[PDB]
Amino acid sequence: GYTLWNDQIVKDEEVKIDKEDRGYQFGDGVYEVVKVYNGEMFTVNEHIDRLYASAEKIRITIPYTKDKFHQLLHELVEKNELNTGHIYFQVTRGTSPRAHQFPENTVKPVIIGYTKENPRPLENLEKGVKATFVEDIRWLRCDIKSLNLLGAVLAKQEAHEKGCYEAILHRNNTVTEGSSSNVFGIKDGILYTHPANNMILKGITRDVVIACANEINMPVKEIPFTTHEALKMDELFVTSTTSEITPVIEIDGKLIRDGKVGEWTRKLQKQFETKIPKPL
């Protein structure tokens, strides 16, 4: 395959990372993941906007305009002949002799991007998945989509060890988000999800789902709920660029209602399906 490296498209094996790349020594960088469906990038503008917002939050200046970044992604998808899967891309502050403080503005960011073929998780969407609650021990700027992902790594591993698809995180029993998703609960036909402050990532899929709820006249309340309240919900699901709307039918051996995917989850899945590129 081919990898985007700065503004060049290069054979994968030509790409070399420096040991003093600040992404490698400090996790000093930001990233995005964009889903591609039948050759078309879904919500690419929103992801590019969020990459630049994440970068700006940690004062990294991306050296290309958004239009040029968009063009590069297009070229990367075409060169790799990606049909259905995702583009991963990240920006780090660059390479400089190791020191905590920022280097001279003479240092250029390092941009890496690549593709992976990866089907829609149709089985999960239909049947739902199991999850587990795990304490949120992450830093307090979860609104920045950074490469500092070690709390999420440990949470995901714990979930995978329990045979669960996702770890639902909580700060002293207040549900925040998933180790790599946003978390929604439904009760009495109302959609609940934690508000977008410094405690969660403002997911692109989260935002599409809220729009879907508005389109079908389902009330949305962006207020947090507890782990104990979550267990009493009528329906629960998680969202991400790759997981789409993935129903959660069981948490830690306790069924959500009857352990079946709920009616409102299905309605949202139906509205979501209208937004994604189809062949054709």
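Just count from 1 along the sequence shown to find any residue number. Here, rigid core means the biggest group of C-alpha atoms that superpose within 1.5 Å across both forms.
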{"item": "Positional deviation of Cα atoms in 4 other deposited structures of this protein after core superposition, greater for 117 to 125 or 97 to 105", "value": "97 to 105"}
{"item": "Which of 217 to 225 and 49 to 57 has higher mean CA B factor, as the PDB entry lists it", "value": "217 to 225"}
{"item": "Between 262 to 270 and 19 to 27 (mean CA B-factor, as deposited), the higher", "value": "262 to 270"}
{"item": "Identity of residue with top Cα B-factor, from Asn148, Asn118, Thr205, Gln90", "value": "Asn118"}
{"item": "Deposited CA B-factor, highest of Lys79, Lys156, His100, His194", "value": "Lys79"}
{"item": "CA B-factor ranking of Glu244, expressed as a third of its chain", "value": "middle"}
{"item": "Chain-wide C-alpha B factor ranking for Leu236, given as lowest, middle or highest third", "value": "middle"}
{"item": "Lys66 by Cα B-factor - lowest, middle or highest third of the modelled chain", "value": "middle"}
{"item": "Entry-reported Cα temperature factor of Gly85, expressed as the chain third it lands in", "value": "middle"}
{"item": "Ranked C-alpha temperature factor of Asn124 among modelled chain residues, by third", "value": "highest"}
